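*Asks:* Have a look at the structure that comes next, please.
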Amino acid sequence: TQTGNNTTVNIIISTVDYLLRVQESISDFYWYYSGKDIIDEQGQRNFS
Amino acid sequence: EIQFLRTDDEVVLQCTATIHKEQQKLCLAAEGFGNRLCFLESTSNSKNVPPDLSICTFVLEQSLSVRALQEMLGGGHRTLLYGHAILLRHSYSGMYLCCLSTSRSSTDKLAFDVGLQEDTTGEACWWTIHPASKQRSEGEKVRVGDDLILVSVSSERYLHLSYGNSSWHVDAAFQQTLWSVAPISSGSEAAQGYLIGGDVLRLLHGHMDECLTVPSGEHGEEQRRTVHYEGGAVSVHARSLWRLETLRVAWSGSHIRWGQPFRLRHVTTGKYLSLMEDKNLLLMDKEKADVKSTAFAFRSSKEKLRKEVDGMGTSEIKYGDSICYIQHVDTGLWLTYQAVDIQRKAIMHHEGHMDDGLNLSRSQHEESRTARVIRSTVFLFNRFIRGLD
Amino acid sequence: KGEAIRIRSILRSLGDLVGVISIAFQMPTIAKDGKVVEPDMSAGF
Amino acid sequence: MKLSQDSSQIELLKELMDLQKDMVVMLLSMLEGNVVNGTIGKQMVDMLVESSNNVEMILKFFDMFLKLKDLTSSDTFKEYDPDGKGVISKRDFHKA
Amino acid sequence: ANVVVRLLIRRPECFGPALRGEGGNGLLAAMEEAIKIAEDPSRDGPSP
């Protein structure tokens with residue numbers, strides 16, 4: 001809300017947007033890696 | 001309250017372009033019988049010439065992802081998402097609208113044409129939608145009324161409205177072009193014997209099995225537009241069937257309300273129903289049609305006794321069981337017949353005969369697909385033999 | 001089998017590009033020279 | 001599905017299940033004092049039917065009594081045992 | 001190479017001094033124009 005403040009900024013919507021961005025990134029990584037079978041060490045570190 | 005595009009929905013593509021300091025809106029009319037090319041239909045004007053929605057309709061098949069490429073190495077009612085590979089199919093025919101290795105058009109030395117084919121083979125069989133301006137991202141559901149941009153997956157070309165000979169043409173090029181969609185019909189709701197706008201149906205009588213019958217071309221030189229009546233073998237065959245076209249473009253393939261003004265078009269000769277000032281029909285040609293002349297409404301009752309429609313849940317009118325009476329929207333006259341001393345002349349009386357009810361007969365799916373097939377075939381055949389002769 | 005078919009077709013579509021053999025055939029240099037010295041070239045292909 | 005077949009990668013599976021637990025805890029925390037005819041429940045049930053296939057895939061593979069299923073593997077494993085140290089072969093496990 | 005060719009092909013930037021319409025890049029006329037304007041005359045059109 002920021003009732004006392006003249007300008008209101010919603011941190012909640014920004015956090016939700018960042019969550020959507022990282023979810024899309026993870027899904028795209030999975031779609032790229034769906035054709036392979038073995039997990040690389042760099043893949044392990046990025047996944048973690 | 002917003003609506004989202006899903007799979008198996010009937011849509012239409014409109015484009016807006018500037019010529020002679022005025023705004024012309026066109027629909028993507030594709031013909032795949034006499035030719036494999038595509039053209040533009042002048043649907044910008046509607047109070048002068050009514051456009052045709054038989055060929056501009058397009059129905060989706062599936063929403064595939066760009067990363068979901070099987071290369072031969074659907075749950076149901078899937079939603080549509082930005083940046084997704086969408087299959088564009090055709091409504092009245094099985095022509096799959098996608099790009100090929102076509103190079104027949106060399107008007108601009110760089111633009112290609114998009115053809116139609118039945119086989120969904122190769123890589124160039126999908127299209128991807130992209131947002132127009134920087135207000136929609138990739139991943140969110142596509143709403144109704146927004147702007148989409150279509151690009152092929154093999155040519156990477158947009159649908160450009162290039163000018164070849166100071167006319168209208170469709171070319172695949174790199175120029176950005178704004179494209180829109182309209183929810184003509186939904187896929188969640190079916191016919192199930194209820195009236196659906198834009199279909200082809202017959203008009204029968206109560207018990208005498210009598211219907212309108214336009215004669216053959218034995219007297220087409222001067223009295224071609226003359227009509228008569230016939231019963232028996234005509235009713236069981238496809239001679240008394242017409243396709244109704246709603247004036248509005250959006251939600252055209254929806255339920256038709258009582259008193260809705262539209263026009264009836266013959267699917268064999270290719271003429272529109274109209275009434276002249278001398279109490280004679282004389283039909284109406286495509287080039288000289290008029291909204292006032294071609295305007296018909298469906299009246300629930302003989303006695304005289306919200307405009308935008310977005311939810312098809314009424315279903316007040318039924319095929320066969322429901323009885324309706326045809327009446328004009330301006331003159332208010334009713335269809336009447338005179339028992340002359342079995343062809344009868346159609347005269348628009350003022351009072352209207354009480355025992356002149358009309359019954360709606362719809363070509364069922366066993367014959368309605370056959371019906372669109374035959375009307376397309378005979379249209380192409382007569383047009384081509386006329387052009388050759 | 002490496003997606004290069006699409007980009008090869010795109011490059012081929014840019015025929016004038018096919019018909020560059022005639023362009024490569026021409027020899028617009030003209031060595032000039034001769035007997036009385038005449039050295040140096042400024043507008044040679 | 002992909003990590004279950006593999007056997008040399010355990011930390012990745014542990015992290016994935018930790019993320020799953022955090023996500024379901026977050027989903028649970030949304031419904032605390034909602035009214036019976038609440039919009040939050042309607043939106044949640046609209047979300048659930050959208051991803052029907054994924055939930056069918058995860059829920060109906062939770063009942064194998066082993067391999068990331070309900071902890072009930074000792075129904076018949078302890079019925080047949082020569083010593084009870086769990087060093088049995090795979091054929092009796094297959095027929096179990 | 002993929003991103004370079006996509007960016008170069010996305011917009012037309014090579015002006016065509018002898019063709020018509022959008023695009024251009026006509027060697028069959030521009031090369032002849034160059035070899036007729038540069039061999040006998042100077043870099044300018046009117047030149048001794």
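Identifiers in the structure tokens: chain A, B, ... in order shown; residue index from 1 per chain; ligand index from 1 in order shown.
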At a cut-off of 10 Å, using only C-alpha atoms, what residues contact segment 11-26 of chain A? Leave out same-chain residues fewer than 5 positions from it and give the result as a list in words.
*Replies:*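 My reading of the contact set: residues 1, 31, 32, 46 and 47 of chain A; 138 and 139 of chain B.
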*Asks:* Mind checking which residues fall within 10 Å of residue 16 of chain C, counting only C-alpha atoms, ignoring those fewer than 3 positions away in the same chain, and posting them as a ChimeraX atom specification?
*Replies:* /B:109 /C:12-13,19-21 /E:25-29
*Asks:* Hey, what's within 12 Å of residue 44 of chain C if we count only C-alpha atoms and toss same-chain stuff fewer than 6 positions away? As a PDB file with N, CA, C and O atoms, in the first residue's frame, please?
*Replies:*
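Result file follows (around.pdb):
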```pdb
ATOM      1  N   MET C  27      36.103  -9.400 -67.686  1.00  0.00           N
ATOM      2  CA  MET C  27      37.448  -8.980 -67.289  1.00  0.00           C
ATOM      3  C   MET C  27      37.580  -7.506 -67.663  1.00  0.00           C
ATOM      4  O   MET C  27      38.131  -7.163 -68.719  1.00  0.00           O
ATOM      5  N   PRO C  28      37.032  -6.602 -66.841  1.00  0.00           N
ATOM      6  CA  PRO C  28      37.090  -5.160 -67.148  1.00  0.00           C
ATOM      7  C   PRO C  28      38.299  -4.460 -66.525  1.00  0.00           C
ATOM      8  O   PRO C  28      38.165  -3.589 -65.658  1.00  0.00           O
ATOM      9  N   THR C  29      39.498  -4.831 -66.973  1.00  0.00           N
ATOM     10  CA  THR C  29      40.725  -4.210 -66.487  1.00  0.00           C
ATOM     11  C   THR C  29      41.402  -3.349 -67.545  1.00  0.00           C
ATOM     12  O   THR C  29      41.636  -2.160 -67.302  1.00  0.00           O
ATOM     13  N   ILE C  30      41.713  -3.922 -68.712  1.00  0.00           N
ATOM     14  CA  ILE C  30      42.452  -3.269 -69.792  1.00  0.00           C
ATOM     15  C   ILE C  30      43.828  -2.846 -69.290  1.00  0.00           C
ATOM     16  O   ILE C  30      43.979  -1.800 -68.649  1.00  0.00           O
ATOM     17  N   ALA C  31      44.847  -3.655 -69.593  1.00  0.00           N
ATOM     18  CA  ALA C  31      46.193  -3.395 -69.093  1.00  0.00           C
ATOM     19  C   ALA C  31      46.820  -2.152 -69.709  1.00  0.00           C
ATOM     20  O   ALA C  31      47.798  -1.636 -69.156  1.00  0.00           O
ATOM     21  N   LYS C  32      46.280  -1.668 -70.831  1.00  0.00           N
ATOM     22  CA  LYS C  32      46.789  -0.497 -71.541  1.00  0.00           C
ATOM     23  C   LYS C  32      48.257  -0.670 -71.914  1.00  0.00           C
ATOM     24  O   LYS C  32      48.571  -1.384 -72.872  1.00  0.00           O
TER      25      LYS C  32
ATOM     26  N   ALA E  34      28.603   0.133 -62.182  1.00  0.00           N
ATOM     27  CA  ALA E  34      29.882   0.490 -61.576  1.00  0.00           C
ATOM     28  C   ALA E  34      31.022   0.398 -62.583  1.00  0.00           C
ATOM     29  O   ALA E  34      31.882   1.285 -62.637  1.00  0.00           O
ATOM     30  N   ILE E  35      31.045  -0.660 -63.397  1.00  0.00           N
ATOM     31  CA  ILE E  35      32.147  -0.812 -64.343  1.00  0.00           C
ATOM     32  C   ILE E  35      32.014   0.119 -65.542  1.00  0.00           C
ATOM     33  O   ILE E  35      33.002   0.335 -66.253  1.00  0.00           O
ATOM     34  N   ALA E  38      33.079   3.746 -63.603  1.00  0.00           N
ATOM     35  CA  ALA E  38      34.382   3.841 -62.963  1.00  0.00           C
ATOM     36  C   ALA E  38      35.554   3.540 -63.885  1.00  0.00           C
ATOM     37  O   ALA E  38      36.660   4.018 -63.618  1.00  0.00           O
ATOM     38  N   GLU E  39      35.347   2.767 -64.952  1.00  0.00           N
ATOM     39  CA  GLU E  39      36.457   2.406 -65.828  1.00  0.00           C
ATOM     40  C   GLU E  39      36.879   3.586 -66.698  1.00  0.00           C
ATOM     41  O   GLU E  39      38.014   4.066 -66.607  1.00  0.00           O
ATOM     42  N   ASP E  40      35.975   4.068 -67.546  1.00  0.00           N
ATOM     43  CA  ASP E  40      36.281   5.202 -68.410  1.00  0.00           C
ATOM     44  C   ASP E  40      36.196   6.536 -67.667  1.00  0.00           C
ATOM     45  O   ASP E  40      37.137   7.334 -67.765  1.00  0.00           O
ATOM     46  N   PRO E  41      35.107   6.844 -66.913  1.00  0.00           N
ATOM     47  CA  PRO E  41      35.096   8.118 -66.182  1.00  0.00           C
ATOM     48  C   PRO E  41      35.683   7.987 -64.786  1.00  0.00           C
ATOM     49  O   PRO E  41      36.131   6.906 -64.390  1.00  0.00           O
ATOM     50  N   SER E  42      35.682   9.084 -64.033  1.00  0.00           N
ATOM     51  CA  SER E  42      36.184   9.085 -62.665  1.00  0.00           C
ATOM     52  C   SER E  42      35.078   8.625 -61.715  1.00  0.00           C
ATOM     53  O   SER E  42      34.046   8.093 -62.133  1.00  0.00           O
TER      54      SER E  42
END
```
*Asks:* If you run DSSP on the backbone, which residues of chain A are alpha helix (DSSP H), as number ranges by chain?
*Replies:* A: 11-33, 41-47
*Asks:* Between atom CA of residue 32 of chain E and atom CA of residue 41 of chain C, what is the distance, to one decimal in Å?
*Replies:*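 Atom CA of residue 41 of chain C lies 20.2 Å from atom CA of residue 32 of chain E.
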*Asks:* If we count only C-alpha atoms and set the cut-off at 9 Å, which residues sit around residue 6 of chain B, ignoring sequence neighbours fewer than 6 positions away in its own chain? Please answer as an NGL selection string.
*Replies:* :B and (60 or 62-63 or 77-80 or 142 or 186-187)
*Asks:* So which one's closest to chain E, B:84, B:304, B:243, B:157? Using only C-alpha atoms, please.
*Replies:*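 Looking at the shortest contact to chain E, the residue is B:157.
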*Asks:* Starting from chain D, keep only residues with some atom at most 10 Å from an atom of chain B, counting only C-alpha atoms, and report them as an NGL selection string.
*Replies:* :D and (50 or 52-53)
*Asks:* Excluding residue 28 of chain B and its own-chain neighbours fewer than 4 positions away, which residues fall within 9 Å of it when counting only C-alpha atoms? Please give them as a list in words.
*Replies:*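 Surrounding residues, per the criterion: residues 12, 13, 14, 15, 38, 39, 40, 41, 55, 56, 57 and 170 of chain B.
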*Asks:* Keeping only N, CA, C and O atoms, write the selected residues as a PDB file, in the first residue's frame.
*Replies:*
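Written output follows (out_10.pdb):
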```pdb
ATOM      1  N   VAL B  12     -10.818 -15.693 -37.758  1.00  0.00           N
ATOM      2  CA  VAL B  12     -10.663 -15.021 -39.044  1.00  0.00           C
ATOM      3  C   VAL B  12      -9.601 -13.943 -38.886  1.00  0.00           C
ATOM      4  O   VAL B  12      -9.490 -13.313 -37.831  1.00  0.00           O
ATOM      5  N   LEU B  13      -8.802 -13.747 -39.930  1.00  0.00           N
ATOM      6  CA  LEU B  13      -7.710 -12.784 -39.908  1.00  0.00           C
ATOM      7  C   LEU B  13      -8.123 -11.517 -40.644  1.00  0.00           C
ATOM      8  O   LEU B  13      -8.543 -11.577 -41.803  1.00  0.00           O
ATOM      9  N   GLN B  14      -8.008 -10.376 -39.969  1.00  0.00           N
ATOM     10  CA  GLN B  14      -8.253  -9.076 -40.576  1.00  0.00           C
ATOM     11  C   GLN B  14      -6.967  -8.264 -40.595  1.00  0.00           C
ATOM     12  O   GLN B  14      -6.134  -8.377 -39.691  1.00  0.00           O
ATOM     13  N   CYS B  15      -6.813  -7.442 -41.630  1.00  0.00           N
ATOM     14  CA  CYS B  15      -5.664  -6.565 -41.771  1.00  0.00           C
ATOM     15  C   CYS B  15      -6.136  -5.178 -42.175  1.00  0.00           C
ATOM     16  O   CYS B  15      -7.107  -5.029 -42.922  1.00  0.00           O
ATOM     17  N   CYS B  38      -3.621 -17.392 -52.744  1.00  0.00           N
ATOM     18  CA  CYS B  38      -4.542 -16.743 -51.827  1.00  0.00           C
ATOM     19  C   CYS B  38      -4.685 -15.275 -52.195  1.00  0.00           C
ATOM     20  O   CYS B  38      -3.762 -14.660 -52.737  1.00  0.00           O
ATOM     21  N   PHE B  39      -5.856 -14.717 -51.893  1.00  0.00           N
ATOM     22  CA  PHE B  39      -6.138 -13.322 -52.209  1.00  0.00           C
ATOM     23  C   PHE B  39      -6.758 -12.611 -51.015  1.00  0.00           C
ATOM     24  O   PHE B  39      -6.838 -13.173 -49.918  1.00  0.00           O
ATOM     25  N   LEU B  40      -7.206 -11.376 -51.222  1.00  0.00           N
ATOM     26  CA  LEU B  40      -7.825 -10.570 -50.181  1.00  0.00           C
ATOM     27  C   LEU B  40      -9.264 -10.259 -50.562  1.00  0.00           C
ATOM     28  O   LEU B  40      -9.560  -9.966 -51.724  1.00  0.00           O
ATOM     29  N   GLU B  41     -10.153 -10.323 -49.577  1.00  0.00           N
ATOM     30  CA  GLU B  41     -11.563 -10.017 -49.772  1.00  0.00           C
ATOM     31  C   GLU B  41     -11.849  -8.614 -49.258  1.00  0.00           C
ATOM     32  O   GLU B  41     -11.461  -8.265 -48.139  1.00  0.00           O
ATOM     33  N   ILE B  55     -15.156 -18.596 -47.092  1.00  0.00           N
ATOM     34  CA  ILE B  55     -13.764 -18.888 -47.406  1.00  0.00           C
ATOM     35  C   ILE B  55     -12.781 -18.202 -46.464  1.00  0.00           C
ATOM     36  O   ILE B  55     -11.620 -18.634 -46.393  1.00  0.00           O
ATOM     37  N   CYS B  56     -13.195 -17.160 -45.745  1.00  0.00           N
ATOM     38  CA  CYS B  56     -12.293 -16.467 -44.834  1.00  0.00           C
ATOM     39  C   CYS B  56     -12.206 -17.121 -43.464  1.00  0.00           C
ATOM     40  O   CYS B  56     -11.395 -16.687 -42.641  1.00  0.00           O
ATOM     41  N   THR B  57     -13.013 -18.143 -43.198  1.00  0.00           N
ATOM     42  CA  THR B  57     -13.006 -18.792 -41.896  1.00  0.00           C
ATOM     43  C   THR B  57     -11.836 -19.757 -41.771  1.00  0.00           C
ATOM     44  O   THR B  57     -11.439 -20.407 -42.742  1.00  0.00           O
ATOM     45  N   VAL B 170      -1.430 -10.789 -51.300  1.00  0.00           N
ATOM     46  CA  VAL B 170      -0.840 -11.320 -50.078  1.00  0.00           C
ATOM     47  C   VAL B 170       0.535 -11.866 -50.426  1.00  0.00           C
ATOM     48  O   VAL B 170       0.665 -12.728 -51.305  1.00  0.00           O
TER      49      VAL B 170
END
```
*Asks:* For a quick test of understanding: name the residues of chain B lying within 9 Å of chain C when counting only C-alpha atoms, and present them as a ChimeraX atom specification.
*Replies:* /B:109-110,154-155
*Asks:* For the residues in that selection, give me N, CA and C atoms as a PDB file, in the first residue's frame.
*Replies:*
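The result, stored in again10.pdb:
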```
ATOM      1  N   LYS B 109      10.780  -9.543 -56.152  1.00  0.00           N
ATOM      2  CA  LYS B 109      12.056 -10.254 -56.226  1.00  0.00           C
ATOM      3  C   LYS B 109      12.472 -10.858 -54.885  1.00  0.00           C
ATOM      4  N   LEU B 110      11.715 -10.628 -53.814  1.00  0.00           N
ATOM      5  CA  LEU B 110      12.055 -11.148 -52.497  1.00  0.00           C
ATOM      6  C   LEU B 110      10.884 -11.794 -51.771  1.00  0.00           C
ATOM      7  N   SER B 154       9.840 -21.507 -41.610  1.00  0.00           N
ATOM      8  CA  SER B 154      10.883 -21.827 -42.577  1.00  0.00           C
ATOM      9  C   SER B 154      11.348 -20.625 -43.378  1.00  0.00           C
ATOM     10  N   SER B 155      10.440 -19.725 -43.743  1.00  0.00           N
ATOM     11  CA  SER B 155      10.810 -18.536 -44.496  1.00  0.00           C
ATOM     12  C   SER B 155      11.078 -17.329 -43.611  1.00  0.00           C
TER      13      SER B 155
END
```
*Asks:* Would you list the contacts of residue 376 of chain B as a tab-separated table (two decimals) with C-alpha atoms, in the first residue's frame, taking every protein, DNA or RNA residue within 9 Å and counting only C-alpha atoms, but skipping same-chain residues closer than 3 positions in sequence?
*Replies:*
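In the end it all went to part.tsv:
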```
chain	number	residue	atom	x	y	z
B	33	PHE	CA	-9.91	-25.52	-55.73
B	267	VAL	CA	-25.38	-21.88	-53.02
B	268	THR	CA	-25.93	-23.16	-56.58
B	371	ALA	CA	-23.30	-30.22	-49.35
B	372	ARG	CA	-20.40	-27.80	-48.97
B	373	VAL	CA	-18.36	-30.05	-51.27
B	379	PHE	CA	-19.35	-22.92	-58.23
B	380	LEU	CA	-15.82	-23.57	-59.49
B	381	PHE	CA	-17.10	-25.56	-62.48
```
*Asks:* Report, in Å to a single decimal, how far apart atom CA of residue 48 of chain E and atom CA of residue 43 of chain C are.
*Replies:*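 So the two atoms, atom CA of residue 43 of chain C and atom CA of residue 48 of chain E, lie 13.7 Å apart.
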*Asks:* So that I can see what lies close to segment 202-212 of chain B, please list as an NGL selection string the residues with an atom at most 8 Å from it, counting only C-alpha atoms and leaving out residues fewer than 4 positions away in the same chain.
*Replies:* :B and (227-232 or 235 or 240-242 or 356-363)
*Asks:* Counting only C-alpha atoms, give me one row per residue of chain A with an atom at most 10 Å from an atom of chain D, showing the shortest contact pair and its distance in Å to one decimal, sorted by chain then residue number, as CSV.
*Replies:*
```
residue,atom,partner,partner_atom,distance
A:34,CA,D:2,CA,9.1
A:37,CA,D:2,CA,8.6
A:38,CA,D:6,CA,8.8
A:39,CA,D:9,CA,8.6
A:44,CA,D:12,CA,7.3
A:45,CA,D:12,CA,9.5
A:47,CA,D:12,CA,7.6
A:48,CA,D:12,CA,6.9
```
*Asks:* Only C-alpha atoms, please: the residues just picked out, written as a compact mmCIF listing (two decimals), in the first residue's frame.
*Replies:*
```txt
# COMPACT_ATOMS: atom_id res chain seq x y z
CA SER A 34 14.91 -33.31 -22.86
CA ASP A 37 20.19 -38.72 -21.35
CA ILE A 38 23.22 -38.08 -19.10
CA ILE A 39 23.67 -35.12 -16.75
CA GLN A 44 24.27 -30.28 -12.11
CA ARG A 45 25.66 -26.96 -10.87
CA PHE A 47 20.29 -27.06 -11.77
CA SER A 48 21.33 -26.73 -8.13
```
*Asks:* From a DSSP pass on the backbone, collect the residues of segment 18-209 of chain B flagged as strand (DSSP E) and hand them back as a PyMOL selection string.
*Replies:* chain B and resi 18-19+22-30+38-41+58-64+85-90+96-98+115-117+127-131+147-152+158-160+171-173+179-181+200-204
*Asks:* Using the selection just defined, write its residues with C-alpha atoms as a PDB file, in the first residue's frame.
*Replies:*
```
ATOM      1  CA  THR B  18      -3.756   2.758 -45.895  1.00  0.00           C
ATOM      2  CA  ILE B  19      -4.613   3.614 -49.504  1.00  0.00           C
ATOM      3  CA  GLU B  22      -8.736   6.007 -46.268  1.00  0.00           C
ATOM      4  CA  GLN B  23      -8.815   2.866 -44.165  1.00  0.00           C
ATOM      5  CA  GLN B  24      -9.500  -0.471 -45.861  1.00  0.00           C
ATOM      6  CA  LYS B  25     -10.060  -3.555 -43.706  1.00  0.00           C
ATOM      7  CA  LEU B  26      -9.539  -6.874 -45.477  1.00  0.00           C
ATOM      8  CA  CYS B  27      -9.986 -10.527 -44.559  1.00  0.00           C
ATOM      9  CA  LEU B  28      -7.752 -13.404 -45.646  1.00  0.00           C
ATOM     10  CA  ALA B  29      -9.903 -15.279 -48.156  1.00  0.00           C
ATOM     11  CA  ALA B  30      -8.221 -18.494 -49.314  1.00  0.00           C
ATOM     12  CA  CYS B  38      -4.542 -16.743 -51.827  1.00  0.00           C
ATOM     13  CA  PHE B  39      -6.138 -13.322 -52.209  1.00  0.00           C
ATOM     14  CA  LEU B  40      -7.825 -10.570 -50.181  1.00  0.00           C
ATOM     15  CA  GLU B  41     -11.563 -10.017 -49.772  1.00  0.00           C
ATOM     16  CA  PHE B  58     -10.070 -20.607 -40.300  1.00  0.00           C
ATOM     17  CA  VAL B  59     -10.068 -23.205 -37.529  1.00  0.00           C
ATOM     18  CA  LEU B  60      -7.151 -24.094 -35.283  1.00  0.00           C
ATOM     19  CA  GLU B  61      -5.842 -27.628 -34.812  1.00  0.00           C
ATOM     20  CA  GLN B  62      -3.221 -27.615 -32.038  1.00  0.00           C
ATOM     21  CA  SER B  63      -0.874 -25.346 -30.088  1.00  0.00           C
ATOM     22  CA  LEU B  64       2.656 -26.750 -30.266  1.00  0.00           C
ATOM     23  CA  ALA B  85       3.691 -22.968 -33.027  1.00  0.00           C
ATOM     24  CA  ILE B  86       0.040 -22.881 -34.124  1.00  0.00           C
ATOM     25  CA  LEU B  87      -1.416 -25.016 -36.914  1.00  0.00           C
ATOM     26  CA  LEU B  88      -3.650 -22.999 -39.251  1.00  0.00           C
ATOM     27  CA  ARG B  89      -6.263 -25.191 -40.944  1.00  0.00           C
ATOM     28  CA  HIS B  90      -9.201 -24.323 -43.198  1.00  0.00           C
ATOM     29  CA  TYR B  96      -3.677 -26.897 -44.395  1.00  0.00           C
ATOM     30  CA  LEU B  97      -2.518 -23.277 -44.643  1.00  0.00           C
ATOM     31  CA  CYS B  98       1.273 -23.314 -44.424  1.00  0.00           C
ATOM     32  CA  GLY B 115      -0.078 -22.161 -50.730  1.00  0.00           C
ATOM     33  CA  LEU B 116      -2.525 -24.774 -49.494  1.00  0.00           C
ATOM     34  CA  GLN B 117      -1.975 -28.523 -49.269  1.00  0.00           C
ATOM     35  CA  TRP B 127       3.220 -20.778 -37.743  1.00  0.00           C
ATOM     36  CA  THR B 128       4.261 -18.870 -34.628  1.00  0.00           C
ATOM     37  CA  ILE B 129       2.361 -15.924 -33.150  1.00  0.00           C
ATOM     38  CA  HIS B 130       4.241 -12.910 -31.810  1.00  0.00           C
ATOM     39  CA  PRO B 131       3.091  -9.786 -29.957  1.00  0.00           C
ATOM     40  CA  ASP B 147      -3.129  -7.993 -32.112  1.00  0.00           C
ATOM     41  CA  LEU B 148      -1.068 -10.971 -33.285  1.00  0.00           C
ATOM     42  CA  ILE B 149       1.838 -11.184 -35.733  1.00  0.00           C
ATOM     43  CA  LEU B 150       2.242 -14.309 -37.873  1.00  0.00           C
ATOM     44  CA  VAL B 151       5.649 -15.540 -39.049  1.00  0.00           C
ATOM     45  CA  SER B 152       6.468 -18.774 -40.862  1.00  0.00           C
ATOM     46  CA  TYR B 158       5.384 -12.005 -42.282  1.00  0.00           C
ATOM     47  CA  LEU B 159       2.125 -11.592 -44.202  1.00  0.00           C
ATOM     48  CA  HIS B 160       2.848  -8.413 -46.172  1.00  0.00           C
ATOM     49  CA  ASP B 171       2.928 -11.791 -49.965  1.00  0.00           C
ATOM     50  CA  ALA B 172       5.322 -13.314 -47.451  1.00  0.00           C
ATOM     51  CA  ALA B 173       7.898 -10.632 -46.658  1.00  0.00           C
ATOM     52  CA  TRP B 179      -3.123  -8.802 -37.812  1.00  0.00           C
ATOM     53  CA  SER B 180      -6.177  -9.435 -35.646  1.00  0.00           C
ATOM     54  CA  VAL B 181      -8.549 -12.299 -34.863  1.00  0.00           C
ATOM     55  CA  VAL B 200     -26.534 -24.278 -44.830  1.00  0.00           C
ATOM     56  CA  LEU B 201     -30.148 -25.323 -44.324  1.00  0.00           C
ATOM     57  CA  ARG B 202     -33.427 -25.839 -46.166  1.00  0.00           C
ATOM     58  CA  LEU B 203     -36.827 -24.196 -45.696  1.00  0.00           C
ATOM     59  CA  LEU B 204     -39.650 -26.751 -45.757  1.00  0.00           C
TER      60      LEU B 204
END
```
*Asks:* Which value, in Å to one decimal, gives the distance between atom CA of residue 153 of chain B and atom CA of residue 135 of chain B?
*Replies:*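 Computing the Euclidean distance for atom CA of residue 153 of chain B and atom CA of residue 135 of chain B yields 23.4 Å.
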